[PDB]
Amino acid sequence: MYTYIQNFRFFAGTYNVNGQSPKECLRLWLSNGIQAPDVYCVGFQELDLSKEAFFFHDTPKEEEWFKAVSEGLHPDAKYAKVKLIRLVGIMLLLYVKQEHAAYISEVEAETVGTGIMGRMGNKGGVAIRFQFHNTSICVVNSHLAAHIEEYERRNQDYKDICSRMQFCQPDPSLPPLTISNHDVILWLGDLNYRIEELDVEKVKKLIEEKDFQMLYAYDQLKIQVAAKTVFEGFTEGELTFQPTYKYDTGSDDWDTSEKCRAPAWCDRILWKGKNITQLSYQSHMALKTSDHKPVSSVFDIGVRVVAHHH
């Protein structure tokens, strides 16, 4: 057989929904003035903040948000639901245009909790891996530890998801699949990294000034990536949108509660692999159900397709 590179459009979305049910149309996130994607990868955090969900019960939030995503996908294509995976409030959905579904195989999904006692699902990651034509792809959705001062725990949460996440395989001879053994890796989530050093007032001023390059020099993820403690070999696109946390629900105002939180680029998308180009990296201010804003990225990804023999 012969293979060649064919480009496909992948949308990746992350949204911390602060335990709410969906109240708004999700087109503003999922299909807001873009071409119909070939593949949709849509991730949530804090789908359900209840004690019942914490002890691993089913939640109606799963279907509510799944239906809401399905209704917000681009109207020009019928999308096939490939896979859903959830651990407590961390949920990842994979859809492909119907015409591409026959070329999806080896779908596996797994979860790793890294929250309470290093094991519960209040924080952690979920992942769907699959083969599209002859290219292997792993999409990870993580919710890492909160708070400015817990950066080391975030680093450790990342390492723990990487070491413990194992996928089934067709061959039991071989060692199980890890996240890193894929041609393409897309990692998204509420990674929860904050702005070091600067005080809340200085952070908010820089944002009003739109000096994102300067604010970014103090971003914990940037610093940790430079120090090689996390996301080794991954790329993130330039942040040109304002911090996505923390807002008063129903508004675009910064948190006016007692905790008065410092803004942060909590919500991030990164990637690793050959033949990837980022076409966009954006937040979506118009959605106000949550104290976070959703984030999206569209990629052109080269996929190995089998040439037809005649």
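Superpose the two forms; the largest set of C-alphas matching within 1.5 Å is the rigid core. Residue positions are given as counts along the sequence shown, with the first one as 1.
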property	result
Larger mean CA deviation from the shown form in 4 other deposited structures of this protein [core fit; 77 to 85 vs 172 to 180]	172 to 180
Core-aligned Cα RMS comparison in 4 other deposited structures of this protein - stretch that moves more, 265 to 273 or 52 to 60	52 to 60
Entry-level comparison of average CA B-factors, 218 to 226 and 168 to 176, reporting the higher stretch	168 to 176
Comparing 71 to 79 with 206 to 214, the one whose average Cα B-factor in the PDB entry is higher	206 to 214
Residue with highest C-alpha B-factor in the PDB entry, from 42, 39, 47, 260	260
Within-chain third of residue 106 by Cα B-factor, per the entry	middle
Residue 193 CA temperature factor, ranked by third within the chain	middle
Within-chain third of residue 292 by Cα B-factor, per the entry	lowest
Residue 200 CA temperature factor, ranked by third within the chain	highest
Third of the chain, ranked by Cα B-factor, where residue 253 sits	highest
